[PDB]
Amino acid sequence: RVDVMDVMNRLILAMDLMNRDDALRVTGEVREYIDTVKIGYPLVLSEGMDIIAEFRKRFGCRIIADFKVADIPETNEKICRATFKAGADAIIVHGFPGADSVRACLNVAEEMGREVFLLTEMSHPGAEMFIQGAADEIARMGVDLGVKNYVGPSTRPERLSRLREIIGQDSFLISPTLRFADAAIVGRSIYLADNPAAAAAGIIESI
Amino acid sequence: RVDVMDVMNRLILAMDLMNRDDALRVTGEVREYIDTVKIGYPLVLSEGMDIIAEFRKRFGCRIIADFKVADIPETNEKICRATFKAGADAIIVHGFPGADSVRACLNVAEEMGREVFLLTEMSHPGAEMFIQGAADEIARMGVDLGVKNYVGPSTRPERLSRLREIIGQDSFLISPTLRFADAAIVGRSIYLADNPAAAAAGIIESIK
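Here's what the structure looks like:
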């Protein structure tokens with residue numbers, strides 16, 4: 005779709021390593037295959053938010069900040085602003101705290117020309133307690149907030165089809192598959208391999 | 005209670021300013037009144053996690069990292085480890101991602117001799133959609149995880165009473192009141208006051 009982001013080869017690298025040296029090396033090695041990198045708090049808290057600018061200046065990749073923003077509106081605004089100021093192209097936000105908390109993020113993204121991804125569901129065991137039962141309503145909330153980017157569950161493809169049904173065929177969906196999601200997120204299979212470059216190439220083949 | 009933290013004057017400063025210069029100045033000014041400071045992401049993302057060590061080395065205050073940790077277990081473990089390595093005494097964790105996500109934090113806290121606070125509820129308008137209806141079950145989950153520290157809702161004192169009922173009289177409870196909570200969190204009234212020291216002193220007077 006023309007109005008949503010273009011992720012090279014439909015493959016997003018989850019760069020979950022926590023030391024700067026290792027993180028930069030792997031990302032560079034796969035830049036020929038991947039143009040979009042997701043980074044989270046363990047890396048940025050350990051190495052500093054300046055690492056975002058480094059990924060972009062060294063490799064020219066898009067950066068998605070997987071910060072699972074989950075505060076009150078005013079604090080969400082400030083987290084998003086700081087994250088976008090640091091150079092992130094997009095930020096991942098929880099829906100469980102409700103519509104106003106999500107809208108605060110959307111407001112800053114609108115101001116700064118950046119993107120918000122709504123996290124609709126998670127697939128770790130504890131997700132059954134509260135997250136699973138809220139997922140459809142969170143997705144619908146996103147639709148009613150004009151959200152265009154979503155992060156769906158890692159497991160259970162049939163959950164992915166349900167999500168795709170709620171959000172429509174136009175919205176951008178990423179998941180940790193490609194019959195429903197627009198891009199797949201991959202981590203260990205790439206950044207732990209002895210040859211990250213080869214791993215990415217191989218995954219793209221089957222894709 | 006002897007087995008939970010002692011917060012000086014039952015008053016925790018929410019240091020929500022985002023520039024290091026302003027943050028440090030205010031905290032120093034109130035150190036005579038407050039020994040426990042809560043820091044969140046806007047400050048640490050803007051200035052670096054090294055700012056935690058600075059608060060502690062300059063002022064010797066306890067630091068609570070209000071990071072509302074809300075990821076899968078493995079990622080929660082890493083966030084907690086990084087935050088404790090930086091010197092935080094405690095970290096605030098969401099309950100809505102479930103018991104395993106909370107336990108991951110408790111595991112690291114146990115390893116490192118630090119504390120986890122479970123956030124049971126929030127009071128901003130959007131909280132009605134999912135958080136309000138999950139609050140009691142999240143508090144009960146905390147009890148069933150051996151959680152000793154809780155953060156409750158800012159408004160509705162009767163909600164604080166319900167929370168205190170679930171967690172028992174022993175557990176440590178903080179809230180943004193002191194008939195149910197062990198300590199109160201205060202932000203703007205202090206850090207956006209003409210003289211922070213006087214504001215802190217005045218609030219403390221209200222508290223007997």
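Protein chains in written order, with the deposited numbering: chain A, 5 to 180, 192 to 222; chain B, 5 to 180, 192 to 223.
Positions of the beta carbon are idealized from the N, C-alpha and C atoms, including for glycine.
Run through the DSSP bridge pairs and tell me what residue i is partnered with.
| i | result |
| --- | --- |
| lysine 42 (chain B) | B:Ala18, B:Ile68 |
| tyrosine 154 (chain A) | A:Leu122, A:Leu177 |
| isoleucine 200 (chain A) | A:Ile16 |
| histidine 98 (chain B) | B:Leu123 |
| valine 73 (chain A) | A:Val97 |
Would the beta-carbon of residue i be found less than 7 Å away from any heavy atom of the ligand MG?
| i | result |
| --- | --- |
| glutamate 115 (chain A) | As presented, the structure is devoid of all ligands, the ligand MG included, so that no description of it is given. |
Taking the CB atoms as reference points, tell me whether residue i and residue j lie closer together than 8 Å.
| i | j | result |
| --- | --- | --- |
| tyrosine 206 (chain B) | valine 30 (chain B) | yes |
| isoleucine 68 (chain A) | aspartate 39 (chain A) | no |
| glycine 102 (chain B) | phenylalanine 134 (chain A) | yes |
| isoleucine 170 (chain B) | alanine 138 (chain B) | no |
| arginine 85 (chain A) | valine 112 (chain A) | yes |
| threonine 124 (chain B) | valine 155 (chain B) | yes |
| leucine 122 (chain A) | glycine 91 (chain A) | no |
| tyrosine 37 (chain A) | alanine 208 (chain A) | no |
| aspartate 26 (chain B) | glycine 44 (chain B) | no |
| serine 158 (chain A) | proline 180 (chain A) | yes |
| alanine 199 (chain A) | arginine 14 (chain A) | yes |
| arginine 66 (chain A) | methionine 9 (chain A) | yes |
Keeping to the same chain, check which residues put their C-beta closer than 7 Å to that of residue i; ignore five residues upstream and five downstream.
| i | result |
| --- | --- |
| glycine 202 (chain B) | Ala18, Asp20 |
| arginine 24 (chain B) | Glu51, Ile55 |
| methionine 116 (chain B) | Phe88 |
| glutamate 132 (chain B) | none |
Just confirm the distance between the C-beta atoms of residue i and residue j, as a whole number of angstroms; I'd bet it's less than 8 Å.
| i | j | result |
| --- | --- | --- |
| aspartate 140 (chain A) | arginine 160 (chain A) | Contact doesn't hold; Cβ gap of about 13 Å is too wide. |
| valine 6 (chain B) | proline 211 (chain B) | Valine 6 (chain B) to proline 211 (chain B), Cβ: 31 Å. No contact. |
| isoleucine 83 (chain A) | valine 120 (chain A) | With 8 Å as the limit, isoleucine 83 (chain A) and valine 120 (chain A) do not qualify as a contact, their Cβ atoms being about 12 Å apart. |
| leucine 49 (chain A) | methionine 22 (chain B) | Wrong, their Cβ atoms sit about 16 Å apart, outside the cutoff. |
Within a Cβ cutoff of 6 Å, which residues of the same chain sit near residue i, ignoring the five residues on either side of it in sequence?
| i | result |
| --- | --- |
| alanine 108 (chain B) | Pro77, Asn80, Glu81 |
| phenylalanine 195 (chain A) | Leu164, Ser165, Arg168 |
| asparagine 153 (chain A) | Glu119, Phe121, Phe176 |
| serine 127 (chain B) | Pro157, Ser158, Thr159 |
| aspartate 197 (chain B) | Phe176, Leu177 |
| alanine 57 (chain B) | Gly91 |
| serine 105 (chain A) | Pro77, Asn80 |
| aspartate 174 (chain B) | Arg5 |
| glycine 64 (chain B) | none |
| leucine 28 (chain B) | none |
| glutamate 114 (chain B) | none |
Could you name the residues of the same chain whose beta carbon sits closer than 8 Å to that of residue i, not counting the 5 residues immediately before and after it, in chain order?
| i | result |
| --- | --- |
| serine 204 (chain B) | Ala214, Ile218 |
| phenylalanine 100 (chain A) | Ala74, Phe134, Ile135, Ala138, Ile142 |
| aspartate 148 (chain A) | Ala103 |
| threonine 192 (chain B) | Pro161, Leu164, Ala199 |
| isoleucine 222 (chain A) | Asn13, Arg14, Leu15, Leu193, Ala199 |
| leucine 110 (chain B) | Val120, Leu149, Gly150, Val151 |
| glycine 32 (chain A) | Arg62, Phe63 |
| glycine 172 (chain B) | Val147 |
| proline 46 (chain B) | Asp20, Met22 |
Counting only beta-carbon separations shorter than 8 Å, does residue i have a partner in chain E?
| i | result |
| --- | --- |
| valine 147 (chain B) | This model lacks chain E altogether; the protein chains it does include are A and B. |
Mind checking the stretch 69-82 of chain B against chain A and listing, in chain order, the residues whose C-beta falls within less than 7 Å of any C-beta there?
From the stretch 69-82 of chain B, only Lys72, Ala74, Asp75, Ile76, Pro77, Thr79, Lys82 have a Cβ closer than 7 Å to chain A.
Identify each residue in the stretch 132-147 of chain B for which the Cβ-Cβ distance to at least one residue of chain A is less than 8 Å, and report them in chain order.
Taking 8 Å as the Cβ-Cβ cut-off against chain A, the residues of the stretch 132-147 of chain B that qualify are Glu132, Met133, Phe134, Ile135, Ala138, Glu141, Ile142, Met145.
Residues of the stretch 50-64 of chain A with Cβ closer than 9 Å to any Cβ of chain B, in chain order
Within the stretch 50-64 of chain A, the qualifying residues are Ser50, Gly52, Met53, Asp54.
When Cβ atoms are compared, which residues of the stretch 93-112 of chain B fall closer than 7 Å to chain A?
Residues of the stretch 93-112 of chain B whose Cβ lies closer than 7 Å to any Cβ of chain A, in chain order: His98, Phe100, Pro101, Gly102, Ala103, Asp104, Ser105.
Give, in chain order, every residue of the stretch 8-31 of chain B whose Cβ lies closer than 8 Å to some Cβ of chain A.
From the stretch 8-31 of chain B, only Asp20, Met22 have a Cβ closer than 8 Å to chain A.
Chain A contacts made by the stretch 115-130 of chain B, where a contact means CB separation under 7 Å
Hits within the stretch, in order: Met126, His128, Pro129, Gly130.
Using a beta-carbon distance cut-off of less than 9 Å, what residues from the stretch 197-216 of chain B approach chain A?
Taking 9 Å as the Cβ-Cβ cut-off, the stretch 197-216 of chain B has no residue approaching chain A.
Closer than 9 Å, Cβ to Cβ, to anything on chain B: give me those residues from the stretch 35-46 of chain A, in chain order.
Here the close residues are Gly44, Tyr45, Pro46.
Got a sec: which bits of the stretch 157-168 of chain B sit with their beta carbon under 8 Å from any beta carbon on chain A, in order along the chain?
Listed in sequence order: no entries.
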